[PDB]
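In: turn this into a model:
(chains A and B, ligands or ions: 1)
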Amino acid sequence: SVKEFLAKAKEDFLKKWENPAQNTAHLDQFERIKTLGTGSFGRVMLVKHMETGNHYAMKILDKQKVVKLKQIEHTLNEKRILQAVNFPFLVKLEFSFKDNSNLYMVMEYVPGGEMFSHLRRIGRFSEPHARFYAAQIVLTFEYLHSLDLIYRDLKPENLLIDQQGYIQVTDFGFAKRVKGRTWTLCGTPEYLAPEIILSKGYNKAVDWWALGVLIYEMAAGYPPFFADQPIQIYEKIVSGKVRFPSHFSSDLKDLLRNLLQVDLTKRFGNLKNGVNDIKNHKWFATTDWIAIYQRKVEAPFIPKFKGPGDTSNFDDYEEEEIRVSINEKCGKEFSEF
Amino acid sequence: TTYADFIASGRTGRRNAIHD
Ligand SMILES: Cc1n[nH]c2ccc(-c3cncc(OC[C@@H](N)Cc4c[nH]c5ccccc45)c3)cc12
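Out: Numbers count the residues shown, from 1 in each chain, chains lettered A, B, ... in the order given. Shown next is the structure:
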């Protein structure tokens, strides 16, 4: 039973939520290999852990840059939530620590690369291919939302493909435990629900809208609302007129009309019948939800595996030193990390 | 075509998150 599965999942999460793990490794325990990505207050590096010889993705955040960008509480949220959760399609936080200058989250490394990369290269996914990935997100949000968590940055750039061709969700920087409404303007322009743009309080329904955007983008090869500047993207979302490619199946268009629904009383995922409106839709008629969770379903695409440590499915970035000041920065702000 | 317009746009690369 989904209900009883989720109930026990909540008991597991709550214990870790209320007593967060802290300071479970040190920088000098890892060899730094290669930068795999960069953001505004941080980067992600491939590292090797000397004691096990395991490869990980180590997220390094500059505390001073976090403070400037007003992301203190969001960073505390990210680490606190990630050490507490456990789901087959969420990338696992293995260790966390901090030093004078930086915060570190060490995650399982996913060498297959980002969905973004494969999607842009291949162009678009067929409906069964898209449906297989969407299913995993539907179950992931069902899990997260049951824990009162909103994810708030669904996009292909945050979805990695593992060695079995299943999805791993990355980047919890905007994830938040909230019962009721919240107000932060955050996300990525193409993926923002109209509520967010119009500066209303919003809730987990913004994740289900984001799923509509992702499904459209996977099946079409471009998002439903695009332009050269974000302001132009926002104008399009709030009008919310969507046009579907002629190749979209009838069922797909009807699912997307219900996900990309400006009206919250009518948006799927939000309604009295919850996720089941989504799960029991015709577009998902062929989906065996248990087998997906169990990873028994055969994946449409398996990444080229060139070994442990391989970074060929990732782009190249400029390397930059990991500087650690001799003085502690921002000690009070990040005390609980 | 819509594909052509997307590919000619400045938002075919990795998209940055926003916040206030
Ligand atoms: C490559 C890889 N293997 N396992 C993981 C886990 C987590 C990440 C990851 C974690 N946090 C953020 C990530 O960002 C992808 C984009 N959203 C770009 C981005 C936005 N903010 C930051 C901060 C630091 C680095 C990258 C980014 C990926 C990557 C990997």
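In: what sits closest to residue A:215 if chain neighbours are left out?
Out: Excluding its sequence neighbours, the residue lying closest to residue A:215 (C-beta to C-beta, 6 or more residues apart in numbering or on different chains) is residue A:134, at 5.1 Å. Yep, even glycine has a C-beta here, placed from its N, CA and C like the rest.
In: how near is residue A:184 to residue A:141?
Out: 19 Å (C-beta to C-beta, to the nearest Å).
In: all strands for chain B, in order.
Out: B:18-19 (DSSP state E).
In: which residue does it have closest to the ligand?
Out: residue B:17 (5.6 Å; C-beta to the nearest ligand atom).
In: got the contact list for that residue?
Out: With contact set as C-beta atoms under 8 Å, 6 or more residues apart in numbering or on different chains, residue B:17 has these partners: A:39, A:40, A:153, A:173, A:174, A:186, A:187, A:188.
In: need the residues of chain B near the ligand, please.
Out: residue B:17 (C-beta under 6 Å from any ligand atom).
In: what residues does chain B put near chain A?
Out: Residues of chain B found near chain A (C-beta under 8 Å from any C-beta of the partner chain) are B:2-3, B:6, B:9-12, B:14-20.
In: switch to 10 Å and redo it
Out: For chain B, the residues in contact with chain A under the definition C-beta under 10 Å from any C-beta of the partner chain are B:1-3, B:5-20.
In: of those, which belong to helices?
Out: B:2, B:3, B:5, B:6, B:7 (DSSP state H).
In: can you give me the neighbour number for residue 19?
Out: You didn't pick a chain, so chain A it is. Neighbourhood size, residue A:19 [other C-beta atoms under 10 Å in any protein chain shown]: 10.
In: oops, I was thinking of chain B
Out: For residue B:19, using other C-beta under 10 Å, the count is 14.
In: buried ones in the longest helix seen in chain A?
Out: Ordering each helix of chain A by length in residues (DSSP H) puts helix A:127-146 first. The neighbour-count check on helix A:127-146 (16 or more other C-beta atoms under 10 Å in any protein chain shown) flags A:127, A:129-146 as buried.
In: re earlier: of the ones in helices among the residues of chain B next to chain A - the most surrounded one?
Out: residue B:6 (15 neighbours).
In: and that residue, how far is that from residue A:134?
Out: Residue B:6 sits 21 Å away from residue A:134, going by C-beta to C-beta.
In: check residue A:213 too.
Out: The gap separating residue A:213 from residue A:134 is 11 Å, by C-beta to C-beta.
In: over to residue A:146?
Out: 19 Å.
In: kindly report the same for residue A:323.
Out: From residue A:323 across to residue A:134, the span is 41 Å (C-beta to C-beta).
In: and the stretch 101-250 of chain A, which of its residues are near the ligand?
Out: Contact residues (C-beta under 6 Å from any ligand atom) of the stretch 101-250 of chain A with the ligand: A:107, A:108, A:109, A:110, A:157, A:158, A:160, A:170, A:171, A:173.
In: in the stretch 201-337 of chain A, which residue sits nearest chain B?
Out: Using C-beta to the nearest C-beta, residue A:222 is the residue of the stretch 201-337 of chain A that sits closest to chain B, at 3.9 Å.
In: surely that residue is in a strand?
Out: No - judged by DSSP: H, G, I helix; E, B strand; the rest coil, residue A:222 forms no part of a strand; its state is coil.
In: quick one, the host helix or strand of residue A:217 and helix A:127-146 angle?
Out: Secondary structure from DSSP states H and E places residue A:217 in helix A:205-220. If you take axes from the mean of the first three to the mean of the last three C-alpha atoms, to 10 degrees, helix A:205-220 sits at 170 degrees to helix A:127-146.
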